[PDB]
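Participant: Below is the structure I would like to discuss, written out as structure tokens.
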Amino acid sequence: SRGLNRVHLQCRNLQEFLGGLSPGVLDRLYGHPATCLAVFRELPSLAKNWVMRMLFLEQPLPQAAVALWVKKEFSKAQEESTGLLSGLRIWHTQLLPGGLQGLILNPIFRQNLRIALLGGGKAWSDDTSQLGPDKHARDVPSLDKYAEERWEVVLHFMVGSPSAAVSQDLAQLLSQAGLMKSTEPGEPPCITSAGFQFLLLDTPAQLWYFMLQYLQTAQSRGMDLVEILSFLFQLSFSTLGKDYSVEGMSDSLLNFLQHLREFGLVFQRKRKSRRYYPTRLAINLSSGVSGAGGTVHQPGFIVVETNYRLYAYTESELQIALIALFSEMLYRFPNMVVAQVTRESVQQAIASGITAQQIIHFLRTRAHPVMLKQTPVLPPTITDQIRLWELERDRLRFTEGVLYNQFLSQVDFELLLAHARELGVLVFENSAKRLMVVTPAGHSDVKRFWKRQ
Amino acid sequence: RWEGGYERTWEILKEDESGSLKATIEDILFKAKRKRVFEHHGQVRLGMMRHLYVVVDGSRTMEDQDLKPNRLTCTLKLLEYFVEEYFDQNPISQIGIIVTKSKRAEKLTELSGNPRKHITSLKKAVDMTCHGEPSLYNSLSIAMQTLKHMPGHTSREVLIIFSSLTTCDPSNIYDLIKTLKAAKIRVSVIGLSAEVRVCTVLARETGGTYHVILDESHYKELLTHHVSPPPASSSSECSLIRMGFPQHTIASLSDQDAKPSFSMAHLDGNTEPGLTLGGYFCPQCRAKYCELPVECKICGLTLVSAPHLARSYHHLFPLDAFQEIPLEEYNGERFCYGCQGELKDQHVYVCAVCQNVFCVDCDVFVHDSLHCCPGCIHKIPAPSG
Amino acid sequence: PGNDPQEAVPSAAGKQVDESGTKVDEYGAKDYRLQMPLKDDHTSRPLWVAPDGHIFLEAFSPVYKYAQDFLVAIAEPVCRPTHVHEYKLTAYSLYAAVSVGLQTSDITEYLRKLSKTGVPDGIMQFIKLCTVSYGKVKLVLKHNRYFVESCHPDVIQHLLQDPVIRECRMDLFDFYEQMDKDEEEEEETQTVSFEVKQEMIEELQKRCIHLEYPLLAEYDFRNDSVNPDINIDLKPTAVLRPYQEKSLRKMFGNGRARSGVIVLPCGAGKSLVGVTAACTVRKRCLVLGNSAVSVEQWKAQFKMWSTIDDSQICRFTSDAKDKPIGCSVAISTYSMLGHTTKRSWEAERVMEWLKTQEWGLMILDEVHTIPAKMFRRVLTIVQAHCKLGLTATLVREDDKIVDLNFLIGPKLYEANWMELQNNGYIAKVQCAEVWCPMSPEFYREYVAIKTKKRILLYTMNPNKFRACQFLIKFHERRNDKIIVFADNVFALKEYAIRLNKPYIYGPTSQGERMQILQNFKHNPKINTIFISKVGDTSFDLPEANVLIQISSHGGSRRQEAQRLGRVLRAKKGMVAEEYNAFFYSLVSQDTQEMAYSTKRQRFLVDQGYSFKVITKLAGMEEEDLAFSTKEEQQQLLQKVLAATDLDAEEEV
Ligand SMILES: [Zn+2]
Ligand SMILES: [Zn+2]
Ligand SMILES: [Zn+2]
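Structural data, given as structure tokens:
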């Protein structure tokens, strides 16, 4: 069918990446800046206490004591909180410390974590180059406009600007990303399918994903460095630095920085230097979760009473662009109240697929202080409308397969059932007509098995 | 004539200071419309262990809308709140839910303190036709004969919800003055949007306080006025004796699980039709049943549970007041002694004794939730003697 | 010809209405709707003045400013959608000639004063005072005294034009009689009233009265003094309700001479206020029923709330001929004839007793039903002096050429749904366009066959029946009235065969149809009934609580929506504030019915009511569903395979 993992992936970002690489490569992910990165992109409350002992537990506590930390209530939730924390590779299962397996954390992270718990004037804490407010030469809400307009010149130039983007090689990665593409003559910076989905997204973590995928295109610099630097951005703002990012420089740390003002999240002066600037953007990456602080601009209340889109507030052109993809055809004047269509805005998801929550997110992101005095149930039936509209056009579930029909026997078919169910390469079976829907990737193992017998 | 005259009403009220700043002072008058009656308390003497009697007019007056789709909807919904906020403030008491419907009186819920029973009764009282006319004489008859068997060491007050209609009852209820004046039972009515002189004479011959419902906000006010246990007439009582201090029981004391359930029709206690495992224990029956800080039916004394009910009024009397100044003595660093902020809407709230600076949200939090200035603490208890 | 007052103005001066660039007079607004909201109140918010089309209502922080003007600003607006505490759109029309206790510049000031000098485009300006306020009293001397106005500066053009067209010119037993004539005062100031030019010249005059830039207000001085006779009126204990108490108060806030046209919602006190106008006014009145369908009804509540009946009853359509000789108060029907001796003496009596009616009253139900060709015969045949437009519809027939104030004068009152449906006896409908997953063995055939048997395919669906079977027993459990409206008979017939219920069709005998009404509207044992195309239209006003519909094919939105608007009454004496009237529609998915419902629910949200699409039931196999086997549905399918086009056509 259509891809649906490219939108969220907010724990696997630190798991499917990290578990997709080596323990020694994620040993590099225990830089002391990377310590806060561990605790927060995971959100269990249950593993979030299993850590809390280990600063006082040098000792490997026995497994059964915490396997029976929580009784009958929510054993699955304990188990669901367990192997994922183990799947972080942060733990070590001891063999027989006292007679039985008694688990314990990686201590080098415990080294790294406790400095981020109490004490330590270390390299990220102090002593080399961390941070520096000397005398105020430039202010944050002015730079917040930069932290707004670079998003525009990102997001508008995705759709296409009558203005122009700055000289970036990033478009040749965003065309590479499958968000954008370009045919060969003139290289038009269009959208393939996925930037359109990211047009429907609103958080910087996708940018972060292609910035994690920035080194992936045959580049060999510090992936260790940039993800430390990804944390090292996440310091709110309020720091110019007596060029403190060059006193704490590195190779990719300065060059890819030239791109962080292309990405806008840094602000560099003359010679791309002399200071550094983290933007207030450096806290919604940290979650990716919605956030009350993630309000960008505060337009007003909306409603969609009588499902007729029902709102005003002449906003900037990016929101106008955010509904130029989403509501034309009986636009009106100075209040942005394009009427409703149950077909066109329905057709305006066909190039995205379902924007189910992304409606609901942009429901609470159309005019931002709407949840101030409005109903909890903001769409009364209107979610289900949007749902049934999304549940209308999705008439297909694309799935290739290999089917086994006219089998010579009936009980050896149940063997090949049990053979494929052993393999887990079946998707479906019909025993009444001796049919099995088998994956074509796992076809060969049965193709090998049938030719052997 | 009137087509102009219908809009001579609108035209000026629409209009205001023009040029710039229009529809501005109209909002200022709406804030100037606010700030109604605060407390006006400061009383002494009586108010302890009330024995209230809900009396409900069920009549055809309910069918008028006037505040809600039904006047019971105005009434009944906030009674539950009035029940809960009563049991909040006054757990040493109990309330007789008695309903007048069709010229009689039904004591719907008995004189008791069990909130769920009272509230679900109101939830049962939702689909009431309120057919027929009010009869207070049947209501006072129940009110007499029940409270007749109550001690004279009991607070004797009656809360009548009357829909301001004709008091449709015979048998010399004017002579029920001397009946009940001698019986030392107080009777308080509030009229629903109108007045009954005879009932107004009744309450002024009572000492019970009569009012008229103005609005839904105003409806709450007089409820709130009658939440507090009022200083009723002198020479009621002094004391009330054999206040049973109970025990909680854990049923795991010495013999672990020697009894599968502590309600098997022979155990001392086990009063209500349900299974139990032992939670409670009274002194005099040695009654073990479901926990209740009220009273029982076999020892028949008061199941007092002191931290709850001997604490509630135990600080509800000894209050003092603050003062307001618009001035700027900047105490703190332009702060509050409580929440530590500033807006300066010229209501710098100073205590009478310790003289500490507070805000509305610190004054309200005292005068609705804290009920005392903690600035007196650190100031009372250190030289206290 | 000679029928042209000021038509609705905006036609031009705007290009790609996204005026992100120009919005020039809105920039005057957007200056002060934006410069003003700083300290916790807006003191701004111009109702979002839009030059073309209409403007809006703020109505989200109205407080006192726009919540007073939740009503009062709406005089020339009509508030066509309704909402929650948010914005509220309207339209704009002829409704300044109704708003004639005020100057067009006086509103223009407050149109600016609401808008915080949010300045007009001028489009409204060039349409503000196109018709200056001017009345036409019918004073005691048998026709009219040539009233002008409270204000003088209008005869100055007029008398310098109109006469040079057409000129104008015992003791205690009688002491009080001049004390009444003492009360004949200055008509609020100065009157400036002239003398009748011989009663046959006003028709010649009216066509030139509007010809400059004025417009005339025909009145009815029939209450203080009247030279012809007065019938016996008598209001026998007819207690009524403040929705219509306000109505005649709008018809009479002045003295005893002003005509009136008032909009009600559907099912409201229609046969009350006209009967109230029948008796209070002390006239000799007339009703013009839509059909004989109306005629039986409107006399019946007149027989109820008036004891004026001693053969004092004049119903005049479809060989009714009831009391021709002697007309006191009559019911008629719109003589749309224009034929060569249609009714020889009968319509001659309709002609000649119109002449005996003199003027009476023009009780006119729902003139959206009236075509402009019949609006010719409105004024041509009937030449009365006071009218009564009982029309729920505000705008009809897409005819923005001919308006309606030239026909009936001002359109006085419309009653709010909110103050009837939330505060008032009118129940709350739950509208339900319910679509169902069909069986696909109705649809491969449908797409195979581009021939009107395809219409009957989705029609005869057990998936429809499974919904139909469902809500019967689901609302049998509440013991309240239900009615189902199908499209055509022979599909509906098998519903009345399978789960057999009360039912009708076209040629059914009316005396047993009345027994069915007796079996339905009186007998509580069977709250279920079926109807056809005729019963909504030509026989009965049903009086129920829960409606189910099947028919949705023709684009007459309102005509269908006024069927439900009439029938659905209060379900119970429900204590709760919930919805208790109920609408249901049965929709075929992937169909014309799916497509029509999209525009239909668009029209539903065009007026805006409690609406929900459900698709699944509240447990289908909870009920013993008939047609649970598709073989049984295949038994039905082969009937449909045996069916013709003849089961698939309505009355027209
Ligand atoms: Zn005892
Ligand atoms: Zn304070
Ligand atoms: Zn104090």
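Here the protein sequences line up with chains 2, 6 and 7, keeping their order.
As numbered in the deposited numbering, residues 6 to 458 make up the first sequence, in order.
As numbered in the deposited numbering, residues 10 to 394 make up the second sequence, in order.
As numbered in the deposited numbering, residues 30 to 198, 246 to 728 make up the third sequence, in order.
Don't be surprised by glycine CBs; every beta carbon is placed ideally from N, CA and C.
#1: For ligand 5, any of its heavy atoms closer than 7 Å to the Cβ of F331 (chain 6)?
#2: Under a criterion of Cβ closer than 5 Å to any non-hydrogen atom of ligand 3, which residues qualify, in chain order?
#3: Could you give the residue range of the beta strand (DSSP E) that holds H317 (chain 6)?
#4: Where does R391 (chain 7) sit, in a helix, a strand or coil, going by DSSP?
#5: Thinking just about the alpha-carbon of each residue, which of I386 (chain 6), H235 (chain 6), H387 (chain 6) is nearest to the one in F96 (chain 6)?
#6: Going by DSSP, which residues form a beta bridge with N435 (chain 2)?
#7: Based on the DSSP output, what are the partners of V196 (chain 6) in its beta bridges?
#8: Do you know how far the Cα of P283 (chain 2) is from the Cα of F238 (chain 2)?
#9: Residue 460 (chain 2) to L421 (chain 2), Cα distance in whole Å?
#10: Taking 8 Å as the cut-off, decide whether the C-beta atoms of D81 (chain 7) and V46 (chain 7) are in contact.
#11: How should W511 (chain 7) be labelled, buried or exposed, when 16 other C-beta atoms within 10 angstroms of its C-beta is the threshold for buried?
#12: Which class does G67 (chain 6) belong to by DSSP, given the choice of helix, strand or coil?
#13: For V308 (chain 2), go through chain 7 and note every residue whose CB falls closer than 8 Å to its CB, in chain order.
#14: Skipping 5 residues on each side, what residues in its chain have a beta carbon closer than 6 Å to that of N279 (chain 6)?
#15: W213 (chain 2) lies in the alpha helix (DSSP H); which residues open and close that run?
#16: Answer with buried or exposed for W74 (chain 2), where buried requires no fewer than 16 other C-beta atoms within 10 angstroms of its C-beta.
#17: Among the candidates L466 (chain 7), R198 (chain 7), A333 (chain 7), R530 (chain 7), whose CA atom is the shortest distance from the CA of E263 (chain 7)?
#18: Who are the near neighbours of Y318 (chain 2) in its chain, counting only those whose CB is closer than 6 Å to its CB and skipping five residues on each side?
#19: Return yes when the C-beta of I194 (chain 6) is under 7 Å from any heavy atom of ligand 1, and no when it is not.
#20: Tell me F658 (chain 7)'s beta-bridge partners as DSSP assigns them.
#21: Less than 7 Å separating the Cβ of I307 (chain 6) from some heavy atom of ligand 1?
#22: Decide yes or no for the touch test of the region 141-160 of chain 6 against the region 103-122 of chain 6: beta carbon pairs closer than 8 Å, at least 3 of them.
#23: Taking 8 Å as the CB-CB cut-off, is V38 (chain 7) touching chain 2?
#24: Indicate the three-state DSSP secondary structure (helix, strand or coil) for residue 5 (chain 6) in the structure shown.
#25: When you compare the CB of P179 (chain 6) with every CB in chain 7, is at least one pair closer than 8 Å?
#26: Short of 8 Å in beta carbon distance, which residues of its chain neighbour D450 (chain 2), apart from the five on each side in sequence? Order them along the chain.
#27: Give me whichever residues DSSP pairs with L408 (chain 2) in a beta bridge.
#28: Just to check, is the beta-carbon of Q293 (chain 6) closer than 7 Å to a non-hydrogen atom of ligand 1?
#29: Look at the alpha carbon of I624 (chain 7) and the alpha carbon of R358 (chain 7), and state the distance between them as a whole number of angstroms.
#30: Work out the CA separation of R633 (chain 7) and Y61 (chain 7) for me, nearest whole Å.
#31: Hey, would you say the C-beta of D370 (chain 6) is under 7 Å away from at least one heavy atom of ligand 2?
#32: Check the Cβ-Cβ distances between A317 (chain 2) and every residue of chain 7, and say whether any is below 8 Å.
#33: With respect to the beta strand (DSSP E) encompassing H97 (chain 2), which residues constitute its N-terminal and C-terminal limits?
#34: Can you list the alpha helix (DSSP H) stretches of 4 or more residues lying completely in the region 89-137 of chain 2, in chain order?
#35: Can you list the residues of chain 6 that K322 (chain 7) reaches, using a CB-CB cut of under 8 Å?
#36: Does the distance from the CB of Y295 (chain 7) to the CB of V349 (chain 7) come in under 8 Å?
Facilitator: On the basis of the data shown:
#1: This structure simply doesn't include ligand 5; it includes ligand 1, ligand 2 and ligand 3 instead.
#2: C360 (chain 6), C363 (chain 6), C382 (chain 6), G384 (chain 6), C385 (chain 6)
#3: For the purposes of this step, residue 317 (chain 6) is taken as residue 308 along the second sequence, with counting starting at 1. First-last for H317 (chain 6): 315-318, but that is the alpha helix (DSSP H), not the beta strand (DSSP E).
#4: Locating residue 391 (chain 7) in the third sequence gives position 315, counting from the first residue. In the structure shown, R391 (chain 7) sits in a strand (DSSP, three-state: E or B).
#5: Indexing the second sequence from 1 puts residue 96 (chain 6) at position 87. For the residues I386 (chain 6), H235 (chain 6), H387 (chain 6), the minimum Cα distance to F96 (chain 6) belongs to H235 (chain 6).
#6: On the first sequence, position 430 is the one that residue 435 (chain 2) refers to. DSSP, once it has assigned bridges, lists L440 (chain 2) as partnering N435 (chain 2).
#7: Translated into positions along the second sequence, residue 196 (chain 6) becomes position 187. Its beta-bridge partners are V167 (chain 6).
#8: Reading the first sequence from its first residue, position 233 is the one you call residue 238 (chain 2). Reading the first sequence from its first residue, position 278 is the one you call residue 283 (chain 2). The straight-line gap from Cα to Cα measures roughly 6 Å.
#9: The shown model of chain 2, from 6 to 458, leaves out residue 460 (chain 2), and the question about it has no answer.
#10: For this step, residue 81 (chain 7) is matched to residue 52 along the third sequence. For this step, residue 46 (chain 7) is matched to residue 17 along the third sequence. For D81 (chain 7) and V46 (chain 7), yes; Cβs fall inside 8 Å.
#11: The residue you call residue 511 (chain 7) lines up with position 435 of the third sequence. By the neighbour-count rule (16 or more Cβ atoms within 10 Å), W511 (chain 7) is buried.
#12: Here residue 67 (chain 6) refers to the residue found at position 58 when the second sequence is read from its first residue. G67 (chain 6): strand per DSSP, three-state reduction.
#13: Along the first sequence, read from residue 1 onward, the residue named residue 308 (chain 2) stands at position 303. The answer, in chain order, is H112, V113, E115.
#14: Here the question's residue 279 (chain 6) lines up with position 270 in the second sequence. Hits under 6 Å: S272, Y298.
#15: Residue 213 (chain 2) sits at position 208 when you count from the first residue of the first sequence. Element bounds for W213 (chain 2): 210-217.
#16: The sequence position of residue 74 (chain 2) within the first sequence is 69, counting from 1. By the neighbour-count rule (16 or more Cβ atoms within 10 Å), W74 (chain 2) is not buried but exposed.
#17: Against the third sequence, residue 263 (chain 7) aligns to sequence position 187. Out of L466 (chain 7), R198 (chain 7), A333 (chain 7), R530 (chain 7), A333 (chain 7) has the C-alpha closest to the C-alpha of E263 (chain 7).
#18: Along the first sequence, read from residue 1 onward, the residue named residue 318 (chain 2) stands at position 313. Within the same chain, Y318 (chain 2) has close Cβ partners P304, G305, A372.
#19: Translated into positions along the second sequence, residue 194 (chain 6) becomes position 185. For ligand 1, not one heavy atom lies less than 7 Å from the Cβ of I194 (chain 6).
#20: If you number the third sequence from 1, residue 658 (chain 7) lands on position 582. For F658 (chain 7), which the question treats as bridged, DSSP gives the partners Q506 (chain 7), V622 (chain 7).
#21: Numbered from 1 along the second sequence, position 298 holds the residue referred to as residue 307 (chain 6). Within the cutoff, so yes.
#22: yes
#23: Here residue 38 (chain 7) refers to the residue found at position 9 when the third sequence is read from its first residue. By this cut-off, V38 (chain 7) is not an interface position.
#24: Nothing about residue 5 (chain 6) can be reported from this structure: the residues present for chain 6 run from 10 to 394 only.
#25: Here residue 179 (chain 6) refers to the residue found at position 170 when the second sequence is read from its first residue. Answer no: the Cβ-Cβ gap between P179 (chain 6) and chain 7 never drops below 8 Å.
#26: Here the question's residue 450 (chain 2) lines up with position 445 in the first sequence. Within the same chain, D450 (chain 2) has close Cβ partners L428, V430.
#27: Translated into positions along the first sequence, residue 408 (chain 2) becomes position 403. DSSP lists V442 (chain 2) as partners of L408 (chain 2).
#28: Within the second sequence, residue 293 (chain 6) is the residue found at index 284, counting from 1. Correct: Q293 (chain 6) has its Cβ closer than 7 Å to ligand 1.
#29: On the third sequence, residue 624 (chain 7) is found 548 positions in, with the first residue counted as 1. On the third sequence, residue 358 (chain 7) is found 282 positions in, with the first residue counted as 1. If I take the Cα positions, the gap works out to 44 Å.
#30: Here residue 61 (chain 7) refers to the residue found at position 32 of the third sequence. Here residue 633 (chain 7) refers to the residue found at position 557 of the third sequence. Taking the straight line joining both Cα atoms gives about 41 Å.
#31: Locating residue 370 (chain 6) in the second sequence gives position 361, counting from the first residue. Yes; taking the cut-off as 7 Å, the Cβ of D370 (chain 6) has a heavy atom of ligand 2 nearer than that.
#32: Translated into positions along the first sequence, residue 317 (chain 2) becomes position 312. Interface residue, yes.
#33: Locating residue 97 (chain 2) in the first sequence gives position 92, where the first residue counts as 1. Looking at the DSSP string, the run of the beta strand (DSSP E) that includes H97 (chain 2) is 96-98.
#34: 112-120
#35: If you number the third sequence from 1, residue 322 (chain 7) lands on position 246. Residues of chain 6 passing the Cβ test: none, with the nearest at roughly 11 Å.
#36: In the third sequence, counting from the first residue as 1, residue 295 (chain 7) sits at position 219. In the third sequence, counting from the first residue as 1, residue 349 (chain 7) sits at position 273. No, Cβ-Cβ distance for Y295 (chain 7) and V349 (chain 7) is not below 8 Å.
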